[PDB]
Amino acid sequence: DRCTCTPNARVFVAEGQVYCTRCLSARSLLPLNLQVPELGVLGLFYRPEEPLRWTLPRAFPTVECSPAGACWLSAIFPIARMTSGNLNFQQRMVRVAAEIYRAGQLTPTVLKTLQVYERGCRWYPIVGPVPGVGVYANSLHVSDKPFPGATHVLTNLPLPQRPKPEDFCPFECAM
């Protein structure tokens, strides 16, 4: 039982799995006939409706950048979950993906547009394990799980450490 939406339905990455932004079901590999070579790893699952507006170089996942080239695909779910409630999530997931996909990267400006801070998320200097969902990051990459190099974690959890002021963001352009 996999996702059966039109292949132009956006995708996000949680832990290992590629999931559909529309139905939240695991996404299988695209038929290669539909695959969009110009979109690296993303094109292996996502086939947009029209142009691209930006491209993705096919590559291997680095110990810190995964999916290689568009690690922000990994921040879509955590930002949406920490930024919505029970009867509000779908709408949120859809708006968060659209924003990020459009920008083709994660940036302080895209986080402001998404009101991540006003909704309860705070960055924290990683000093140990953090339970639940979150966005781990450094000055160039982000992930939904900890990784070698990550220096900060974005969470809505009332942590013991001291939150970073709202003007702070570990990166300028996480890709």
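The first residue of the sequence shown is number 1, and the count goes up from there.
Stretches compared: 74-82, 87-95. Higher mean C-alpha B-factor in the entry: 87-95.
Higher average CA B factor: 25-33, of the stretches 140-148 and 25-33. When the Cα B-factors of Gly128, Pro51, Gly120, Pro131 are read from the PDB record, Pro51 comes out highest.
Ranked by Cα temperature factor within the chain, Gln17 sits in the middle third according to the deposited record. Placement of the Cα temperature factor of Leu56 within the chain: highest third of the modelled residues, per the deposited record. Per-chain ranking of the deposited C-alpha B factor places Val110 in the middle third. Residue-level temperature factors show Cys65 in the middle third of its chain, judged at the C-alpha atom.
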